[PDB]
Amino acid sequence: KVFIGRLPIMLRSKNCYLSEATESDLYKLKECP
Amino acid sequence: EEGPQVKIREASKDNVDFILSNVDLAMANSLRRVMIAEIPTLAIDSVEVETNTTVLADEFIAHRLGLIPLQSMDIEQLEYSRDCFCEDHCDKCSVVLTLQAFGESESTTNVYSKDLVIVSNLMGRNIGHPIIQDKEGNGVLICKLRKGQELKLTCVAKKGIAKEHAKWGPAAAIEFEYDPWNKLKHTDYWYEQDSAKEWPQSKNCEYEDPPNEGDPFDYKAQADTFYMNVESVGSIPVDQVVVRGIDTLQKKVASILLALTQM
Amino acid sequence: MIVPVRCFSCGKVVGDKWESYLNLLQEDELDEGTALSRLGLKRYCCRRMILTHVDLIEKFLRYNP
Amino acid sequence: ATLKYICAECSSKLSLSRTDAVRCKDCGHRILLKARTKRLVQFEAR
Amino acid sequence: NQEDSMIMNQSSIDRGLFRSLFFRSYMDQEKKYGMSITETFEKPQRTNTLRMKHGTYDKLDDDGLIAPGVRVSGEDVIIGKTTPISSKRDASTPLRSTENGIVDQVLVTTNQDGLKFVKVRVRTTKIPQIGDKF
Ligand SMILES: [Zn+2]
Ligand SMILES: [Zn+2]
Ligand SMILES: [Zn+2]
């Protein structure tokens, strides 16, 4: 409903995009597997 | 026949195993050094980059390029750039190579030493051609390309010696040994129980005779007869790595004798 | 990260050997040791050169542009 | 032919000037690179 | 090789033994002074103020940014930026005094608040020299 600031995210955590990306997805995302 | 004799045991396109009879150690070693550093070869020594869509650094490739062996046969009929009179280089002192590479295929496209091509005029002398000892006829993988990975270079190869850079090294490794049975007592073998049983006997033990226990030490004994193996990287053929090793060393001694005449 | 041209120690051109080394292990199902000597790598200076190299170039190529 | 800037993601030449918007022509992403000098650089082969 | 030191094969060093690759990223942003009083990225010269760097600006393009091919060296200017007042005071970032190298990759983007954001990478190759630890 209401916005109360932004929370920094840990890389490879639940809320990080990279938690579900495959070896090939990462290479595509310019991130090291 | 003459002063120091020679007996070729085994020979190939890239390896000569011989015995140097009737010589001094100093001479046999001076020849070793000359073959290592003082023989002149041709090597890439300027890499002008145009495009590099590669994963690899321009200088990584540049360093890598010099280390490729080039035909150095008729090298002696080519001036050292430094002694030539042109600003930078020309056909009298340098061989110009050109490399163009692009990943046309979906699969990784490779760049080989075969892919370099001479653009300068060789004036009808066996030089510049990259050495390909490869069974498949490619020889030396420079680097790899993906999709639109492009590589455009111009290379200037010049005369030079390995004492300036190991890329101008005409030889791989010179195997050198004398006195297999330690008769000259030039070593005091480290041991636990039996020095003779602990230390392996070299292949050269068949070319000399075991000392016989009850025989006292020969304090007069001197080392002539040296078992050597000169290996060529490819630039110059093995026979010449030896021959030019002998002529270069002669020329060095000659210069001294010649310089003494100006004095 | 791409096979070194020449062995650091004695300078035997180890450059061409790579592709042929990988093919001896994969295809000819040879053990690393025998495969090495088959390419002609006699001294251990040359032997480590191939035997101990990690071809990171293949990883870097996986990155699109 | 000659390119001021190159897009990082879709590697599409963008050859822009100032106040032309730092975004790319198709995908949004501002990333943008500077693309090599035509004044060719030489190296010693050591 | 006495007392914790070591001798190394120069012939091996040439063949590529223990060669390194050193990169350094230099970063800059166009500063904003409230009333749209913003700094700009440009190759500057003389002009009324004259507060400027010793080093050569002649390596910079018209955007005040070196192209990714160039070989930088001394106190050579890497990023050319300028601040006006109430006009060439300087704001340019020169290559670290000690250093030298080749411009590797130059990126021009935007900071979350719409300012011109620039990162410049400078690549060099490190050869194992004498005081080099191992
Ligand atoms: Zn010339
Ligand atoms: Zn070796
Ligand atoms: Zn884009």
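Along the chain as shown, residues are numbered 1 onward.
Header says: X-ray crystallography, 3.6 Å.
Even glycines carry a Cβ here, placed using N, Cα and C.
Annotation source Swiss-Prot lists Zn(2+) binding site at C:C7, C:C10, C:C45, C:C46, citing experimental evidence. The Cβ of C:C45 (Zn(2+) binding site) lies under 8 Å from the Cβ of C:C7, C:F8, C:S9, C:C10, each of these being in the same chain and 6 or more residues away along the sequence.
When other Cβ atoms within 10 Å of the Cβ of C:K59 (ubiquitin cross-link) are tallied across all protein chains shown, the result is 14. DSSP assigns C:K59 (ubiquitin cross-link) to a helix. Annotated ubiquitin cross-link per Swiss-Prot: C:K59, in sequence order, evidence recorded as a large-scale study or a structure entry.
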Helix, strand or coil at C:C46 (Zn(2+) binding site) [DSSP, three-state]: helix
Spacing of the two Cα atoms, C:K59 (ubiquitin cross-link) and C:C46 (Zn(2+) binding site), in whole angstrom, works out to 24
Just name the winner among C:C7, C:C10 (the binding-site residues) by count of other CB atoms within 10 A of its CB. C:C7
With a CB cutoff of 8 A to chain E, go through the recorded positions C:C10, C:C45, C:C46, C:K59 and name the hits, or write none. none
Please work out the number of neighbouring Cβ atoms within 10 Å of the Cβ of C:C46 (Zn(2+) binding site), leaving out its own Cβ. 25
